[PDB]
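Chain residues, written in single-letter form:
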Amino acid sequence: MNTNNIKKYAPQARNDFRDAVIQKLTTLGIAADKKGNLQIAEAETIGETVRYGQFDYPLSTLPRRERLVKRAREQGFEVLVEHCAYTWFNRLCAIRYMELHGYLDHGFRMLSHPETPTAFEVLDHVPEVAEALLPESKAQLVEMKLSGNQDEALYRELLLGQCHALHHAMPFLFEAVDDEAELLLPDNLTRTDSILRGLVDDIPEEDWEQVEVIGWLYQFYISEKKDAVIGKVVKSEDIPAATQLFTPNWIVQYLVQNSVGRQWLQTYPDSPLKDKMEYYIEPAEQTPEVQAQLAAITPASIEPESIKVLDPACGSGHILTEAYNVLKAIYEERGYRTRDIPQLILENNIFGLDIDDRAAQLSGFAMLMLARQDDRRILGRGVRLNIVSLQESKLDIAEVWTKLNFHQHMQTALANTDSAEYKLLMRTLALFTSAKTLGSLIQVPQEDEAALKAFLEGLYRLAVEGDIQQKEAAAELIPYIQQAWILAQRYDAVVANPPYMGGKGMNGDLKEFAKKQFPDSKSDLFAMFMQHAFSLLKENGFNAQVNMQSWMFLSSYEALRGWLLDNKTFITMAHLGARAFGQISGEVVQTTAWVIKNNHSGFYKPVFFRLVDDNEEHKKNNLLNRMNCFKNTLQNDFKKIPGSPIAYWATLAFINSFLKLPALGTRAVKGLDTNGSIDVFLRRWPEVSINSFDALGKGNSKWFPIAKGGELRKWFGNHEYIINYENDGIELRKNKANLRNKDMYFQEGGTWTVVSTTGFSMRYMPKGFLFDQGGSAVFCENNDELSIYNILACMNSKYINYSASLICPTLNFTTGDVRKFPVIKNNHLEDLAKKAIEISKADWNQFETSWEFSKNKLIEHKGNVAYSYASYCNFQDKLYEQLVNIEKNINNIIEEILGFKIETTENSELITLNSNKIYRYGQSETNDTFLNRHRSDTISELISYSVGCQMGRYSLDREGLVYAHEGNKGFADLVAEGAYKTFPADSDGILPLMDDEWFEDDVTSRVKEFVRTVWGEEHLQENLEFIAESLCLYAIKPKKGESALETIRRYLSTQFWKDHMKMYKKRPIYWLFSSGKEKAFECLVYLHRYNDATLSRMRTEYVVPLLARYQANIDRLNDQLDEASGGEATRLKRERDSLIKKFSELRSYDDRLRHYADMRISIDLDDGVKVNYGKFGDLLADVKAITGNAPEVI
Amino acid sequence: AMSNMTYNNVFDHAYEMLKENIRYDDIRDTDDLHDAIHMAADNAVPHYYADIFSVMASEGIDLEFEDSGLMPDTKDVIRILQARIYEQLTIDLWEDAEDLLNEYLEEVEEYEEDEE
Amino acid sequence: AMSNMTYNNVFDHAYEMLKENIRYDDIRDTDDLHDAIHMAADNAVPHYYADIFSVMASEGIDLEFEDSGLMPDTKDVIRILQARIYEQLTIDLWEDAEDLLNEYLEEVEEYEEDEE
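Draft legend 1. Up close: the overall build of chain A. In terms of helices and strands, chain A carries 52 helices and 19 strands. Here chain A has a C-alpha radius of gyration of 42 Å; the compact-globule value for 1194 residues is 32 Å, and the former is much larger. Along the first, second and third principal axes, the C-alpha atoms of chain A reach 120 × 90 × 60 Å. For chain A, with 1194 residues in total, the buried portion stands at 52%. When the accessible area of chain A is evaluated, it comes to approximately 53300 Å², of which 55% is carbon and sulfur surface. Computing the positive centroid from 138 side-chain charges and the negative centroid from 165, chain A places the two 4 Å apart.

The structure is reproduced here in structure tokens:
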């Protein structure tokens, strides 16, 4: 088999049928506008026939065309077109299935010929099939066949007669004689090449033998419409498309079998049926009291007609078919007549309502064919089916009643108003008003359906015989009466799959309907269906459905879940994941299948089934032999938990631990929200003038630290952003920004990430930091019995992590969540907490990113560089061991206090520390290569600190950054005072990445001087070799025949600017100026030490001398090696060509630099590095990545 | 070699960044996330030479270059490889960005919480 | 995985081709063997995606071009990588060309192997 064949062919069938409908309607004179307006052509009565001016329509059929025009005017062109195309597709598929199985009376193949391709078996036996379906004019058909002209007309008439006979058999799928579709029948179907030919030669006959394939192609017929509808609010006309789904056989079997078998075992268990079906779970026993209660409430016995099945969402009808199978088994147990059993199942206990008309038609066809397979005589009997679709009712009942002449045959002088007959009529009429978009969510009482059954039998008698116009009125009125009766009657079992909506997919009218008629679970539609099914479910009934898993565990629906557990009990659970269920293709949706008992029955123990682990193909035999019974859990156990989520891994010890335990709900609060100026109101910490923000705290004119919440951090870190709040956030107030909890601003406490991706973790939140939305904060109460340290220690416990995972399965958290997690008190937890926070603070201040920067640990120790590296690694591992000991002690003491063992994964065994190698790296490549990467990174950080200290921000003799002002103002005074007395700083502020040691202040020479000064004169050679080896290990590719100084110079030229950019997250402060491919000119300038005259200064002091040197060098090399023919001659010629190119590039860069230099532009730090980088021009390096925009040239 | 990753891991990381940024930046239309997709593609490209070669040799990305503008004008080759990876990442990420922002539309639909 | 050959294998193959060329073409001048070394370097090319990637990931070859003229102007990474490999082979063969010249003229000295 191949469902892909029909999956591809069905949308194409839809397209071709739509094209045929449109072309036939145009040939009928009916046209559509580009605005959707309907155009009607008038056929003048020239003679016996009529004509719209181009097409001579038959006059006798003209009133039918006018009726079709009226239908179009009532509905619309496009809706009528899709209706006709869908109906014709269904009819063609039905006839194809009919002929393939040979159920037809004539026993021939209509759509094709079994032996001859592109031919019809009906053409072989025209006399026989004609005498079979159209007994009149058989001789005429035979002689016309032998007349020798086209017989495709005869084939069309034979098809029409067969369709009429089928309609006489079942009317829902086939139309009566003299219908509108007959005049609209495509002319292509009357041709040698036809859509029927394509569908009979394309789809394999061996694949056609399965009715599941028929349901599959029914679902595939609406695929592109589903593609188009998604992404916007689904229109009411498009709502039935959104209600199109498919379900796997095994889940449907499980639901229906569990419900009917629970009823059966309740009645009497000795019946051998429980051996017959597959998916059923035996209920267990807990106490004799509940068993006695259920034995009291259970019935002694039932009858097959007593049990009834409701299908609020009929769809294709798989659920109803499985119900048919189990009901047939029950009837066989009764021992009734073999051929009467299917008839009895058809007559009753089927019902089933649908939103779309043709879905109901196909479901009825499937039921009729299943009965036909059971018994071949059922087709002749022609028993009406209860599967109908909810049709909109907007007609005047008075006119129909006058046409019905009902007023005088059984009872103008309308007196049935006193008999409530008119009253029930207009009540039902009003109930269904604009109900097509509403669906099956209309509630009706049972007295109404009793009276409606009486009136329905009356209408049946009237339609059987009487006045023809009364017959028409009864036919018009009957669907409303029958649908009202079906929707108002109560049912024993309601098993169906609710439609799957989108967030705001439903119409605004549906939004209002849900808002007014359901105060609970109004955010969705599946809960709507299940609640209404509970309304339609009688006492002690079973409601089995496959809903989403969101409402099993969510902060919303807490009232819904509480009410349903207080008033109902659920017998069986089945929690499927993203792949176990086959209802939706893809992991986006995650569904759960449940069956709930109507009676509350107080507390009862359910059985549970886990399926998230694997997929459907595995989950079938996994469910056959489950391993997740979890019978120990009880209803009272489930209700005793915060928010009442259904927990599969619930421990009574755990839930008992939760109770009688304090849980904060006031100390934690929410932050402030900016109204959309975050790009301008929040910035990175080192971009602003550090002299104004970190220092000069009295002014407060600069920004303030902010918390947002990033990577999971346990104790300290994750704070590198600032926000402007001058004059109590005057700019934010002018921006109309929401400021909540203003009283806790710049206050000491703790902060936890609002929406994390790994788990729950809160870190100490220092005093004086502004607090923002995201990374929400907690604030201990004044004179509170619990210190903040103790609360942090309690929350860091893995028990709290497991509890958080349980209460909110989603990794996202909220204020309501932190209102719920428990907290305890101890007199040693806070000491471990403060030790841990101090350790984490040291670790986070170990690097340059934090403003509490501690000096490089390598230069702090004297000796060999390898000695310093070993000491640094010793410090790292000592920190790690102390941290893990403290964490284990905390977990052990909290476990001892709890008394119930708890287990977590990657919560306690994992710690957050940069010293820990596996945390900062992938952890999957533990081959000791990560140790080498650590070595290379450490050496690179040392080199970066050296180049920073060379250039004026850091002074090795002092502590921390020594210059942080803007505009190169206030630097000479520091020099005179003695800040840089040990190591001088380049006065011009320009670091040239020039050739090998040509300029006075080449970076390589300065770094060599630095490494010499730090570690003496005797070990400098081996230290330089060690640094070069570390660089060549992992940061840069190893090179052959390279000296240490060459290695460090090559690292500085390439893969140093990239590393510096990565370190500061695309916000560089050592800006780079480059010339291009030749790299003739390369310089580095400090952002905070940039002056407007620096451009011209460096243009006149670093470019023209280099240009002169290049010119002298090329002249000398041109003179050198004259008339030489050795290899060195070619080498020198290539070198001189290369530096000729470099000279040309340098000259162009000089021209551009002089053109930009006269402007003497100046930038402001508060603007941000992005806008300044864009403003500088094309002389800057790598602006596309930094500013996310292409460079410009002037 | 010392590195063994495919384009799939880099794409997953970039997709995670895109989700994080559509959450922080509060973008509700389909035109104010071009910066978001740009940064998501930019912060995903590997930096180590062996890593870039490994992802270059893996499936999911194409050796040919779609646009000339993305090509940097340098004598370095690993720069060009990073540019190619960046282009592939941004193309696929912008392809999935519509669905991601549509998902965030559910959250922005309500005024207190998506699920309320 | 799919390819494990490194740069020195290509070096060996190019060296052998240069030996064959100096043996066959009867070259007795550096400028005469310039075309020989050029063609020897030209032939030794991996000519395969995984092969070129593995050769690039190997050691003994610079990751940055020395000449801007060698730039092949095309939107294909494989062409650029092949150009770099060819340039490196050319440089190495030029560095080790005169020894084969000397050997060939010593085995060809006087009449064949030093006869007349």
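Draft legend 2. Broad picture of the interface of chain B and chain A. Contacts between the two partners involve 24 residues from chain B and, on the opposite side, 23 residues from chain A. Of the roughly 1900 Å² buried between chain B and chain A on both sides combined, carbon and sulfur atoms contribute 51%. Together, B:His47, B:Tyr49 and B:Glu115 form the three largest contributors to the area buried by chain B at its contact with chain A, with a combined 31%. At the boundary of chain B and chain A, one finds two salt bridges. Of the charged contacts in the structure, one is a salt bridge between A:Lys1077 and B:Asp73, with a shortest N-O distance of 3.9 Å. Among the secondary structure elements, those contributing two or more residues to the side of chain B that touches chain A are α1 (7-25), α2 (34-42), α3 (49-56) and α4 (78-109) of chain B. The greatest single-element share of the side of chain B that touches chain A, amounting to seven residues, is contributed by α4(B). Across the side of chain B that touches chain A, the residue classes tally to five nonpolar, six polar and 13 charged.

Draft legend 3. Region of interest: the state of the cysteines. Residues and elements named next belong to chain A. Under the criterion given, the structure shown has zero disulfides over all chains. There is no disulfide at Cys794, and the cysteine sulfur nearest it, in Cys780, is 13 Å away. Left unpaired, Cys873 is separated from the closest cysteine sulfur, that of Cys1032, by 20 Å. Judged by relative accessible area, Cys873 falls into the partly exposed class, the value being 24%.

Draft legend 4. Quick look at the packing of helix α44 (residues 1003-1014) of chain A against helix α46 (residues 1044-1053) of chain A. All names here are of chain A. Put simply, α44 and α46 touch, their axes get as near as 10 Å, and they point 125° apart. Compared by their axis directions, α44 and α46 come out oblique. Here α44 runs over α46; the crossing is right-handed. Listed contacts from α46 to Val1003, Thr1004 and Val1007 of α44 are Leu1045, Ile1048, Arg1049 and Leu1052. By residue class, the composition of the contact of α44 with α46 is five nonpolar, one polar and one charged.

Draft legend 5. Spotlight on the pattern of salt bridges. All names here are of chain A. Enumeration according to the criterion identifies 51 salt bridges over all chains in this entry. With a closest N to O distance of 3.7 Å, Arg96 and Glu99 form a salt bridge. In this pair, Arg96 and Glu99 are both assigned in helix α3 (residues 77-100), three residues apart and thus about one turn of the helix distant. For the pair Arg96 and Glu99, a shared accessibility class is recorded, and that class is buried. Two residues, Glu997 and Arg1049, come together in a salt bridge whose shortest N-O distance is 3.2 Å. Of this pair, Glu997 sits in the loop between β17 (990-992) and α44 while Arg1049 sits in helix α46, and the two are 52 residues apart along the sequence. The network of salt bridges with common partners includes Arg14, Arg18, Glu78 and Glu82.

Draft legend 6. Looking closely at the domain arrangement of chain A. Residues and elements named next belong to chain A. Each domain of chain A was delimited in the assignment, giving domain 1 (3-221), domain 2 (236-351 + 356-389 + 489-631), domain 3 (397-486), domain 4 (668-896), domain 5 (921-1055) and domain 6 (1068-1194). Put simply, the middle of domain 2 and the middle of domain 3, counted by C-alpha atoms, are 31 Å apart. With 17 residues of domain 2 at the contact, the number on the domain 3 side is 15 residues. Across the interface of domain 2 and domain 3, roughly 1600 Å² is buried in total on both sides, 57% from carbon and sulfur atoms. Where domain 2 meets domain 3, there are zero salt bridges. Applying the counting rule to domain 2 against domain 3 returns four residue pairs in polar contact. Grouping the amino acids of the side of domain 2 that touches domain 3 by side-chain chemistry returns nine nonpolar, five polar and three charged.

Draft legend 7. Representation of unusual backbone geometry in the model. Positive phi, close to 55°, is recorded for B:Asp26, a residue that is not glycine. Within the secondary structure, B:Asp26 sits in the loop between α1 and α2. One non-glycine residue, C:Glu110, adopts positive backbone phi at about 60°. Mapping C:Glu110 onto the fold places it in the segment after α5 (98-108). Under the relative-accessibility criterion, C:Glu110 is labelled exposed at 52%.

Draft legend 8. How the structure looks around the sheet that holds strand β18 (residues 1070-1074) of chain A. Residue and element names in this part refer to chain A. As summarised here, the arrangement of the three strands in space is β17-β19-β18, forming an open sheet in which the pairing is antiparallel. Edge positions in the sheet fall to β17 and β18, since each has one partner strand and no second. The mean inter-strand angle of the sheet, taken between neighbouring strand axes irrespective of direction, is 25°. In terms of strand pairing, β17 meets strand β19 (residues 1082-1086) through three bridges, oriented antiparallel.

Draft legend 9. Region of interest: the interface of chain C and chain A. Contacts between the two partners involve 13 residues from chain C, matched on the other side by eight residues from chain A. Surface buried jointly by chain C and chain A totals about 770 Å² across both partners, of which 47% is contributed by carbon and sulfur atoms. Along the contact surface separating chain C from chain A lie one salt bridge. Across the pair C:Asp62 and A:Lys1039 runs a salt bridge, and its minimum N-O distance is 3.4 Å. At the boundary of chain C with chain A, the tally comes to five residue pairs in polar contact. Residue classes in the side of chain C that touches chain A are distributed as five nonpolar, four polar and four charged.

About the thresholds
Residues numbered from 1 in each chain as written, not as in the entry; some residues may be left out. Chains lettered and ligands numbered in written order. Heavy atoms only, no water. Helix = DSSP H or I, 4+ residues; strand = E, 2+ residues; numbered from the N terminus. Rg over C-alpha atoms; globule rule 2.2 N^0.38 Å. Buried < 20%, exposed > 50% of the residue type's maximum accessible area, 1.4 Å probe, protein only. Areas by Shrake-Rupley, 256 points an atom, 1.4 Å probe, with all protein chains shown as cover. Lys, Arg positive; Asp, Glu negative; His and termini not counted. Charge placed at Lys NZ, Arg CZ, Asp CG, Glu CD. Contact = heavy atoms within 4.5 Å. Buried area = accessible area lost by both parts, 1.4 Å probe. Salt bridge = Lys/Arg side-chain N within 4 Å of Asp/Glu carboxyl O. Nonpolar A, V, L, I, M, F, W, Y, C, P; charged D, E, K, R; others polar. Disulfide = S-S within 2.5 Å. Axes fitted to C-alpha atoms, helices over the stretch in contact; angles between N-to-C directions. Parallel < 35°, antiparallel > 145°, perpendicular 65-115°, else oblique. Left-handed = near helix turned anticlockwise from the far one by under 90°. Domains from an automatic or database assignment. Polar contact = N/O pair within 3.5 Å; in protein donor to acceptor, adjacent residues only side chain to side chain. Pairing = 2+ DSSP bridges.

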